[PDB]
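**Student:** Here it is: the structure, laid out below.
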Amino acid sequence: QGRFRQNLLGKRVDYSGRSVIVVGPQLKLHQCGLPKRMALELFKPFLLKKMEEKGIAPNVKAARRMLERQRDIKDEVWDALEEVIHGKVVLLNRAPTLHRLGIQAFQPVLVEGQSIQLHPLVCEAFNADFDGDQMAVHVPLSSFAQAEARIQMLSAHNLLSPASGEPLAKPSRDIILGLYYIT
Amino acid sequence: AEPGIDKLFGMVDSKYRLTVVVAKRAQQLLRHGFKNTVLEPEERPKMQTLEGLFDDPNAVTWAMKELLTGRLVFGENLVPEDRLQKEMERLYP
Amino acid sequence: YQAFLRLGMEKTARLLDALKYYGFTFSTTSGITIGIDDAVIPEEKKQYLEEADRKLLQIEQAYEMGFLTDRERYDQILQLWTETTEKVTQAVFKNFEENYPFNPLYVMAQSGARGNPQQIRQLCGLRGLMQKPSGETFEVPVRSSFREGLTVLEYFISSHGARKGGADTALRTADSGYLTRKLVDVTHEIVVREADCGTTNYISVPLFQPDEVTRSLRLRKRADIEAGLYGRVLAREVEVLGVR
Amino acid sequence: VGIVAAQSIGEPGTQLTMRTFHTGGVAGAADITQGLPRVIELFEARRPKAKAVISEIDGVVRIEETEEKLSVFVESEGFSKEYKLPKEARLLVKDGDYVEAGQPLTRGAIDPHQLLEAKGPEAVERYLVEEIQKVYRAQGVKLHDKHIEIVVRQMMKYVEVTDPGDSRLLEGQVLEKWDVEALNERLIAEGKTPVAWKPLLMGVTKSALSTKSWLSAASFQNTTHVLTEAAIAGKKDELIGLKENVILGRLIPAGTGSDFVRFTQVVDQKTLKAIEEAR
Amino acid sequence: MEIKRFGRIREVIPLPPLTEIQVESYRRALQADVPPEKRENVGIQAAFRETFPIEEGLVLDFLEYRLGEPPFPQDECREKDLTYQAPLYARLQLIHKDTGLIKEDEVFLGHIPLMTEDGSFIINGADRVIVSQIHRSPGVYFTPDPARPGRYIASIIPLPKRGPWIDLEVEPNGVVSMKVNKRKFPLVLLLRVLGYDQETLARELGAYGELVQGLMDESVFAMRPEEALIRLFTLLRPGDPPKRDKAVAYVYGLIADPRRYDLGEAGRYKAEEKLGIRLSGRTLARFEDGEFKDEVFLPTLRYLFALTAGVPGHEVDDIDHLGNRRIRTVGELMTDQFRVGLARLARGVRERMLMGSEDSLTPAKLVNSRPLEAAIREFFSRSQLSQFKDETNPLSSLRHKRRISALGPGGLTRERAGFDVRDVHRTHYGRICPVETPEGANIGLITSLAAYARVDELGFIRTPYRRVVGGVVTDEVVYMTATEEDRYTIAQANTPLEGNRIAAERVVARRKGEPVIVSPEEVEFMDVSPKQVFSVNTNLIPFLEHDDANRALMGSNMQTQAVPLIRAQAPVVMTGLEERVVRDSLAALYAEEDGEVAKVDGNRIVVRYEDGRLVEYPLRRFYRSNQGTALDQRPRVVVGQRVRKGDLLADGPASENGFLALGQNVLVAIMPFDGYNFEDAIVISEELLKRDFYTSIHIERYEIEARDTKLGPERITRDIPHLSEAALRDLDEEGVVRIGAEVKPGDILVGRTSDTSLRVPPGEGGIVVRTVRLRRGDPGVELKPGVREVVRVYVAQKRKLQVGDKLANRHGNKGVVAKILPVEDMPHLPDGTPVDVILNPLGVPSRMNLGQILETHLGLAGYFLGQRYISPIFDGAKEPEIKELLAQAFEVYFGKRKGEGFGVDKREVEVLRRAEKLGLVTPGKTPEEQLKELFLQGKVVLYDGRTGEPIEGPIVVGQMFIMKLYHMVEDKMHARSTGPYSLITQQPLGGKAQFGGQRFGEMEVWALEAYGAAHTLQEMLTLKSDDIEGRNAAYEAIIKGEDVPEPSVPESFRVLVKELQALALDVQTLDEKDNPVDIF
Amino acid sequence: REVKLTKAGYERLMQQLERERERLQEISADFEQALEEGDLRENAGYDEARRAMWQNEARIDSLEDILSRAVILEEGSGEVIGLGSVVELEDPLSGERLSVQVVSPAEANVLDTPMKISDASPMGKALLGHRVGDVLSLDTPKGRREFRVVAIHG
Ligand SMILES: [Mg+2]
């Protein structure tokens, strides 16, 4: 735990989010679910900025107190949150990360429940099944880091495993079951 | 996936090139004011309940859409270094 | 794969999305599930069982007179089952293949869905022989079908493997990507940056494998070949199959 | 790419074992060390379990059965290479057949160094790549050879000095660095002062251990010694390479931070002419 | 409800006390139930006789031992963090060499814990457990030589850990070797020390083993009797005087080293049985008259030349063989540690004689609880053996209550050498459940004991077995030893029977641990029941006989992680042990004797026994579980009700009517949905969450103590340095929060001063239920030093199954809960009644666990027949019988449809139409029969509900038994953005008002590096961590709507530069062309 | 040394390796699935199947091992029971007749027409070296029965 071997072993990061995982049938591979509670807190800063562009609050700290504690989160607030992300995309990460796709980019969208909704196709990617596991979620604050995040880290852009020219968006069990019982 | 992402990769000589290009123009769009676009007339990005996504949606979302059209030009040494923020800040409020 | 190489990235996605939906959609209306009776046991059961029953007694009647050695009786019997089991296997598949081409359990395996032949055996058919604590597989096979009530001991035997399996999976997942670590420690500074190297030094990639059964050059398996040529840079152009 | 190689291979690593019972009359438990362990030894120049002595000499074959220790000669031009293999050893090469340098006399595993001297560098490398795959292949692992190749490449990225010309004959420098000389040896500066170099095979670890940049050495190896000797001379650490450039926290030499695209122009006609209007 | 069990086998003797493993073990260990008159021996007493007779002249021996006056009652100790001990007194007198004195004054030494009714312990406010341990019964054993197939090697190991490891290796080059403390020497030498003379030796020794010349060799040294000892010492590495310092030697006399184990079994066993015969003494002792007699060396070697030659009886002992593997129950473990303190106590009394002030001392002068008490407290709280009592629910604790492990004192089993013991051995049969081991690492190292299987006088787990004369079955049985078992031929309990005689001629039986077929003539014994084969943990699975041992192992442990749901429901199918479980488990309370019901109060139960007496019972309303859960007792009786001795008074945490109920039996319709049940995903109808089916009670114990710093002691009070009143409302009392208050994340429960008030940690809290403080005037509490006072806050809330919920089945099918579709568009049965839970069939194949498929069908009939079933492990119900009853059910489901005035539905047509095309139904038959015949398969028509269009193809349905696990979504819900920072380094760690962002690790980075996300990466290594400048700089830009800051130089960069400068290192930052570069 | 086999015995053994290749290849395939099957750590299917690999991986060795250093016998002529001869034992007192053909330890298979006994087998031990007219016994669990070599053909 010295100085040279410090910048390597990395450490803890901000805007971090994680929780029990579940499949997201309706969800498109182009996106990824995400608990409203999380996204909201995991976006306090950004949110506040947009809160200003709207008569929600007079100034920064104004909006901070607006929701400093509210069991009645204004309906306007929510609509704004979504209005904050828009294009911006976050990142997903399985605990045991060994391959690059151990982390893929997704376009979050308001969802119910307290667990994170994840697309079934990437289940194969991040070695994980829906028995109770839990992924991680980061957010490219840097409008520059946001680029490469959806340009070269977006899921829909990573299909051909670098390990082998074998497809990654390979349909699994259920999908197959049907596609076969029909043909 | 993302809008004509393929058409993009085909315009660049390297995957990573695109990224750096999308990011640089993305900033110039917000810092130097949000009126540097070139496709503002029609087919301009829109929102939902209120198509107010005609002014300030998302940086990159616009950047790429700009490259969608061969209106812009890029390269290694196109325009002088410093002569960058000088000709931009004076041309745009 | 073809789609991607044809239309393009994004487009592929849409396909995938479309598929996903329909897949599920039908997987619900199809009306397929699992029932105790869906694990149809081929009638050949009682047949082969006997065919192998008196069969074993034959080899036994031999050793009882000193015909075979102590070791032969072992390898001999093993051969019986090892193969007699292979029979029942293909047998079951056949019964489903002709009579119930839509039988749940079955459809699964065949389809790119779940289920594996070897596994199916341990259901419709029956598990073969287990292994002893030492290493050498047991002598008394598992004449019981999963679909049927497996006798006590036979279960006690089928556990010798369950414990063993959870043993190796504890010494290989402990180090957690230890390899990658050491591996990265030398590939962490290797990246692309240039415009075509000038080194005209080609590489000799074998299309045929040396000896397997006497000095005879054979054609390497399909996979290996690709793993070595798929996506490369042909040094010297070569017109072979008539194509340039 | 580096990371690639590393990942593609790392992932599998956590799924390779094997070593049981069905054999046992001597010290044999599998016939070699098939499993992940083999991977180690391969990535690390070692002397395998069932090392097969090779014949650096290329000739014919002659055997002598039974009696104490069996022997096989690789006679040819005139001299006869004798190899004493216990009667409990098994070989594939038969009497007469012509053998080449670095050929598997005994059945089993080969030796890195040995193969190197006998046949040569090219042989070793090809041996490695294939030797690896074999493992992952017999495990249902389908990974492109590309990666494996990159790895071994560094296991040879270093050679030793034979003939002086600027540095002692007891040193091992980067293979590329040798060209830095091979060129300035006759081209730039005349007076051809050859520097017979001999590629040295090193296992993955040992390789990194002899890295050029000090920044990197300051991580793994004993910091003290590193900085210490690195100080004496005004060591120049070119900030190229994830690892080292990582410590500094600066933008990694690869990806978007690559020196190739790190500098990009995003001009708009509306202002492009504005640059012309400033002349 | 009706109850039908398919018990074909006549289960003779019922299941013994599932807790007797811990029960008697403690009892017999410390003979206290009966006066010192009933002079037992073993354990406590034996411990005395051991190191009590002390003589240095110091002459003090043991007289009587008594005690057992627990300072505070049970609960008290729990809540007061007190230790449930017991004052230990002792009566002993002293006699001098100079006739006189008989000073016997009550001398006590420390207190000792006691075993709870359930069989647990309350060390310090918490309930722990004393798990058993295995090993190799310290005895004589012969096993082949290491890597040399040559001869063999003998081994002797007499514990405790203070017993030398002696070995006998036959060195071929000549002479035999005796390994001790890493050194070999000519055994001859020692033999001579024993009196063995050359002649008498060889003759009665190598009379058959010509190899004798390998020891009858010494003709130079072996010519000196007693002198030999002098030489033997010379062997000892130390350079001490060759005088009478026969120390090390005497050490192996009759004192401690040689195991002082019971003179008859413990040691004699490995003796008489294996080799030699009678056991002179208790071990290889006898150091009287100068010479030494050891009827141990003669045999150990007599057995050596035996196997190395002829065939005295093939003596090649086996390792793993349980018939040589002893267990370490609580009593042994405890009594063991006890002897330690004793030896440490005697340590003093001895020294307190050399410096003794004449005959003016005896009690205190020679006693001190210090050594004794210290030991005991070390074992019950510092030994890895004792653990946190797993009370996730009734069952859980029970298992952890009788589990066993190898690892321990070390002198039995290590950690890096046991891939051999980890695997199930032949002897484990009915001794150790082969599917009771935990998952992950250590698997096999730890595994509970079988069922009926019980410990004996000394470890050796015996097992019941049916006696049989010829072909007649005896109703008598005896617990056979893992050893003597192989001696006979045992047959299965499957074996058909005709009253009391064997059936078929070709009967199955296990000879010597080997499966064989024997005739009804060589039937020496027979299995008592399929149960004794596995442990309870598994004897709870429905149709085990239809699931793999691997997947079974899963469901087995899963039951232990079950959560005490509020609405308990006994499994539609039961193994018949649920009644016994809840009993020996002590989850519920039974009536002591027969009588009648008195007071049936929700908090107290009173009754009047027929023997003319009245007693009440405390009804622990809602006690805080060790794993945070409910532990209530629902009174299942009413005022005035004749009750029988041992009747269900109030239900346990997960019990219901004397039957275990860890979960609920909900309707299930196994079939693939809209992908909502992908991998292991599990759909669910809102209908269930409506009638509060799957839900539980959770608690949170947040404690706070009033420290006492030297900078002004902290005071508890409503005094808040931030004049906040909007938070002092609920804080009524002077510091503590009101009872029944609704605390929320962030509010204060207790107010500290110096403002270090204990706030509501992240997440939630729930509603307070009970709290207690501890002022200075300690009524009798051991207030930790530096502490002025202490307070506890018991908060709780309801756990209503939501989304992140996960639940599995007794068969091992685990899975999360995806979407919870409402009963509206929920697949329904043609006649209303929609489904409840939708499982995906894909999880059935690969996972060979058909058992479920069975319980379902069986349950499908129990719904209409309105009844529950009990199927023995392997003697359980069979396919035939089921179809019978199930059919009967059809005459109820559809039987009513008829009389009501309605037939089949147009929809039911199309389905059956494809049914026939699927070979499910026999064509030509009438719709009526077609549906019936189809119902018998366990599949029925089913409408979508979403579109009303039924799903073509019947869908097997039934009532499967599931359950929620400990792992909730509460302990997982980290959502951070801006908060605290590492006071030391510079990391976004939270803990209070905010949270802390998960780590990134080099692994994740690498992958990130691969992508080439230079900036995304650099962003994580700086702007989101170390360099605090760019962090805030970034916060501003964001709140200002400006592009995030682009760090020019991470604080790590410049800091290191100068950090090196600090010591020589002239770190010079040059540019692209060897030029200076300003760093700051 | 040098394994001795016959044309018939060869065809059966060589072909054996060919069958095993079609099976073994199926084993690898199954894994390529299980590994992609998701479900971590206990694919009940994974491990059992892994060992199964070692079993085929092993049979592949024993097979190819002998096949590279064996011999071929044409003992159609001669009187003394040699490698390839078909002897016929007839219990003296019983009057019952039998037929068999002992061969090297690499041919054991009770299934063949004449019960092919191992060369190093007790039965294979008492036959080599004697001719038409011999009568000897060995050790038998039920006792010890002698047999007279009726006739040695081919
Ligand atoms: Mg999981």
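Chain labels follow the order of the structure tokens: the first chain is A, the next B, and so on; residue numbering restarts at 1 in every chain, and ligands are counted from 1 in their shown order.
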Which parts of stretch 208-393 of chain E does DSSP call strand (DSSP E) when run on the backbone here, written out as a PyMOL selection string?

**Tutor:** chain E and resi 327-328+386-388

**Student:** Store the residues picked out above, limited to N, CA and C atoms, as a PDB file, in the first residue's frame.

**Tutor:**
ATOM      1  N   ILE E 327     -14.805 -38.869  17.655  1.00  0.00           N
ATOM      2  CA  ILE E 327     -15.483 -37.580  17.619  1.00  0.00           C
ATOM      3  C   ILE E 327     -15.196 -36.844  18.906  1.00  0.00           C
ATOM      4  N   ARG E 328     -15.341 -35.530  18.865  1.00  0.00           N
ATOM      5  CA  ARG E 328     -15.110 -34.743  20.045  1.00  0.00           C
ATOM      6  C   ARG E 328     -16.362 -33.963  20.424  1.00  0.00           C
ATOM      7  N   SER E 386     -16.264 -22.780  19.318  1.00  0.00           N
ATOM      8  CA  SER E 386     -17.503 -22.075  19.634  1.00  0.00           C
ATOM      9  C   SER E 386     -17.795 -21.074  18.549  1.00  0.00           C
ATOM     10  N   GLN E 387     -19.062 -20.987  18.157  1.00  0.00           N
ATOM     11  CA  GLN E 387     -19.448 -20.062  17.100  1.00  0.00           C
ATOM     12  C   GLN E 387     -20.766 -19.319  17.374  1.00  0.00           C
ATOM     13  N   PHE E 388     -21.132 -18.456  16.434  1.00  0.00           N
ATOM     14  CA  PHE E 388     -22.355 -17.683  16.525  1.00  0.00           C
ATOM     15  C   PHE E 388     -23.532 -18.597  16.231  1.00  0.00           C
TER      16      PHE E 388
END

**Student:** Give the residue list for ligand 1 at 8 Å, counting only C-alpha atoms and all ligand atoms, as a ChimeraX atom specification, sorted by chain and then by residue number.

**Tutor:** /A:128-133 /F:39-40

**Student:** Show which residues sit within 6 Å of stretch 160-167 of chain A, as an MDAnalysis selection string. Count only C-alpha atoms, and ignore same-chain residues fewer than 5 positions away.

**Tutor:** chainID D and resid 8 143:144

**Student:** Write the residues of the selection above to a file with N, CA and C atoms, as an mmCIF file, in the first residue's frame.

**Tutor:**
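What landed in result-v7.cif:
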data_model
loop_
_atom_site.group_PDB
_atom_site.id
_atom_site.type_symbol
_atom_site.label_atom_id
_atom_site.label_comp_id
_atom_site.auth_asym_id
_atom_site.auth_seq_id
_atom_site.Cartn_x
_atom_site.Cartn_y
_atom_site.Cartn_z
ATOM 1 N N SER D 8 -8.797 -12.428 -22.703
ATOM 2 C CA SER D 8 -9.179 -13.617 -23.430
ATOM 3 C C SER D 8 -8.576 -14.872 -22.819
ATOM 4 N N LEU D 143 -10.323 -19.786 -28.525
ATOM 5 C CA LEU D 143 -9.726 -18.467 -28.527
ATOM 6 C C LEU D 143 -8.762 -18.385 -29.670
ATOM 7 N N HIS D 144 -8.750 -17.226 -30.321
ATOM 8 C CA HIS D 144 -7.889 -16.977 -31.464
ATOM 9 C C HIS D 144 -6.422 -16.998 -31.051
#

**Student:** Tell me which protein, DNA and RNA residues are within 10 Å of stretch 796-802 of chain E, counting only C-alpha atoms, leaving out same-chain ones fewer than 4 positions away, and put them as a PyMOL selection string.

**Tutor:** (chain A and resi 113-115) or (chain E and resi 565-566+624+628-630+686+688-690+692-701+742+764-770+806-807+817-820+964+968-970)

**Student:** Near residue D:18, counting only C-alpha atoms, which residues have an atom at most 9 Å away, once you skip same-chain residues fewer than 5 positions from it, shown as an MDAnalysis selection string?

**Tutor:** (chainID C and resid 168) or (chainID D and resid 30 33:36) or (chainID F and resid 50:51 54)
